[PDB]
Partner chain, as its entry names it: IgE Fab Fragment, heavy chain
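Quick heads-up: it's one chain on its own, the form deposited without its partner chain, in structure tokens.
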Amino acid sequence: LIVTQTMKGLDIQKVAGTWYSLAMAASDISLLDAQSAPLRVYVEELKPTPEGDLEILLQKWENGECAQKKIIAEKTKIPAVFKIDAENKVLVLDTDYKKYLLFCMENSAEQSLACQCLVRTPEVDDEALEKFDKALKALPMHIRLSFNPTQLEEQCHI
């Protein structure tokens, strides 16, 4: 239960659409170190279901190539928290729907933790990056990556 920042008033339907993983951080280096690392995933689109589950389109480098993944985060009794089917919960820390979204993924244990700053456009948002860094300043992150606009328009951010 390491993360104690959640979005109050979250309307999950309003996060539907295109996002860019501007920045990522994790608790352990190995979670993001290699391009095939377990939590180095690049968000493409969020597709909230009518009953409040969250289908996720993303890219991940596997076996020497940029692969497409589709996964579903199921709703919980808490609007800002979803569970991935594999126990790994996803939490929405903050979002303004129109520009940025900060979320973390953590495992039930440790804990193991990865967070991203998502943005709507392939641009460096300094002010979403500051909110991201503010949110993680107490979290025990040991790796942090960010991407430039060119990489953001590339599959797997090459």
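Numbering follows the first chain given and starts at 1.
Although it is not shown, the form solved in complex with its partner chain is what the next lines describe.
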| item | value |
| --- | --- |
| Close approach of residue 122 to its partner chain in the deposited complex, 4.5 Å, heavy atom | yes |
| Its partner chain contact in the deposited complex: residue 45, any heavy atom under 4.5 Å | yes |
| Residue 152 within 4.5 Å of its partner chain in the deposited complex, heavy atoms | yes |
